[PDB]
Structures are given as C-alpha cells and as structure tokens.
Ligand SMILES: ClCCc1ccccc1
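First comes one chain, alone, set out as structure tokens in the form deposited without the named molecule.
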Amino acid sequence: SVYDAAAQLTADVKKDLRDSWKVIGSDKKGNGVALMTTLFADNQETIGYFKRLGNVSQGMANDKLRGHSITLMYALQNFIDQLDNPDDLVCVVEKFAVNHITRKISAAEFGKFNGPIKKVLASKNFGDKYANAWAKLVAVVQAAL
C-alpha cells in the first residue's frame, strides 16, 4: 500500500524534508550532479542503466548527465510540494514510477538512493535525522514499484 507508506510522513518528517530541501533544492545543478556521481561511485552495478548518458565519470561537464541531474531534482521538487495533500503525492509518485517500472527497475534498486542522499545531505551539514526523513519519502516510491 502506497497510502500506508505516505501516512508515515508525519508533521516532523515533513518539516525536516522542507528544511533540508530549502538548502539542497537551491542548487539543483550542483547537488543533482553530486547525487548521481555518488550513486555511480558507491553502486557501480547501476551504471549500466544510464548507458545513453555516455561517460558519467566526467560529471558536470557531461551535458547529458547534467541535463538528467537537473531534471531529477525537479521530481524531488514535485514530491516536496505535494506533501500537504497525500492524495496528490500518491498520484505523482505513481505517475513517476511508470517510466522506471517500464525500465524494469525494482524497489530494491531504489533503496540504493538512500546512501547518496544521506552523503549529499551530510556534505551540507544535515545529519541522520534528515537522512531518515528522506528514507521515508523514498519508501513511498518503493511501495509503488
């Protein structure tokens, strides 16, 4: 149930999500690229999925990777904005899952994003409290896969 998953987004969790996003979402180009490069560095087994992006080791200088990273940050923007209404959050999460599902991506695959998110957050001085909050959001996407 994706609804039961969304219900775990309590007042405090939502507050921490916003407070952290106020900072990481301000530099979508930079932090988006950071998230992606960290993903490829900690989980080399995932690179195969982004073959179209060329050499992802170039990072910021890779136009395709940059385009992807910025856009990815807008999916996160989308979720944060829907936190006030669980009904809308679920429909966007599910809309979002469709493309990943067709790519044969599984829930176990998505769980690998918690590491990168946690590391980026820490580089911006956001501790475990925030990493946990973001894991709850990711869990919502997982329940939809």
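From 1 onward, residues are counted along the sequence shown.
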Quick check on the record: does 96-104 or 62-70 carry the larger mean Cα temperature factor? 96-104
Select between 22-30 and 44-52 the stretch whose C-alpha atoms have the higher average B-factor in the entry. 44-52
Note to self: of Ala122, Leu9, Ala135, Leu17, the C-alpha temperature factor tops out at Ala122
Lowest, middle or highest third - CA B-factor, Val141: middle
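The discussion below concerns the form solved in complex with the named molecule, not included here.
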On the criterion of a non-hydrogen atom at 4.5 angstroms or closer, are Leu35, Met73 and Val120 all touching the named molecule in the entry with it bound? yes
Although the named molecule is absent from this view, report whether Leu9 comes within 4.5 Å of it in the entry with it bound, heavy atoms only. no
Indicate whether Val13 is a 4.5 Å heavy atom neighbour of the named molecule in the entry with it bound. no
So, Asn31 and the named molecule: in the entry with it bound, are they within 4.5 Å at any heavy atom pair? yes
Members of 20-42 lying within 4.5 angstroms of the named molecule, judged by heavy atom, in the entry with it bound: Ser20, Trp21, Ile24, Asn31, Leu35
